[PDB]
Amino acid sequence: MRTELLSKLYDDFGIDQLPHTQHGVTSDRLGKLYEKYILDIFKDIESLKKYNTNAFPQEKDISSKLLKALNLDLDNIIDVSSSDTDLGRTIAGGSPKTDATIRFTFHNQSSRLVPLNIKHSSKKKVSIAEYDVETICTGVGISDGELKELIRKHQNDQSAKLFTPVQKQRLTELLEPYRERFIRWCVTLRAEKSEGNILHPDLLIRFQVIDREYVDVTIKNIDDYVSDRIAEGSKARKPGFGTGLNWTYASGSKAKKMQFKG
C-alpha cells in the first residue's frame, strides 16, 4: 500500500515520472527509495513511536519485524537515529556490505549500533555479491586443494553444467564443514559472527517489490538467515552444494567471476 510515507518517497524519487521502459533507472531509484524508507521510519524516537502504531499498519509491520529480528522491545528504547553508510573504504573482500545503520539508545545510556544491508527485488532470491574464488577461500578458510579447485571450476565454467554427477556430490561433501562460514562470509564479509560492527551488516532487509509497488518485507538477523539457508541447502536437492545460496556468474567483468544469489 502506498501509505502516506511511501507516497511521499515515491514522489520525492520521481518514480511515476519514469517511463516504464527505463528499467535500469527504476531499479536504482527504487533501491535508494527503500533504503530511505527504513531511515525515515527510524529517523528519531518521535518517528518510531509514531510508526509502530495501528495508525500505520504497514510501517508498524516493518518496524516490528526489525525490532523482532533484534529481540528488542519498543518500550526499552529511549532514543533512535539512523543514517546512510558511506565509509569510502574497502576491507578484505571489498567494500563493506553495510548500506545504513540504526543506533538505539537504552535507559542506562548504553546503546546498540545496527548495521544494515537493504535490497529490493521482485523475487525471493536476488544477487548478494560477486567474488573471485581466491577471495572466497581466503575469507572462509579454504586452502589449496580439491575443494578450492572444484569451486574454481564452477567459476571458470560459469555454472556447474560441466561437473559430473560425482563431482557435484563431491563439492557438496567437501564444503559441508564450511557451510555456515561460507554463507556468513558471503553476506557479511566475515566468516565468524559479528555484532554492532559497522563493517559487517547485522540484519538483512529484503523488500519484495513487484511492478514498482511494495508487497512485503522480510528482515532477518544473520544467525537466522544462515539457519534458513542451511535448512534449504540440506534438502534432497542440496541447493548451492548445501549452502542454500544460488551459485552463478558475474557478467560485469572480463575475468571469470562468481556471483551468489540469496
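A residue's number is simply how far along the shown sequence it sits, counting from 1.
Per the PDB record, of the two stretches 139-147 and 100-108, 139-147 carries the greater mean B-factor over its C-alpha atoms. As listed in the deposited structure, the average C-alpha B-factor of 215-223 and of 46-54 is greater for 46-54. Reading the B-factor column for the CA atoms of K153, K161, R184, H120 in the entry, the top value corresponds to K161. If you compare the C-alpha temperature factors of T188, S95, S127, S83 in the entry, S95 comes out highest. Ranked by Cα temperature factor within the chain, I41 sits in the middle third according to the deposited record. Ranked by C-alpha B-factor against the other modelled residues of its chain, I77 falls in the middle third. For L245, the recorded CA B-factor ranks within the middle third of the chain. Only modelled residues enter the ranking. Placement of the Cα temperature factor of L5 within the chain: middle third of the modelled residues, per the deposited record.
Annotation for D132: C-alpha temperature factor in the lowest third relative to the rest of the modelled chain, per the entry.
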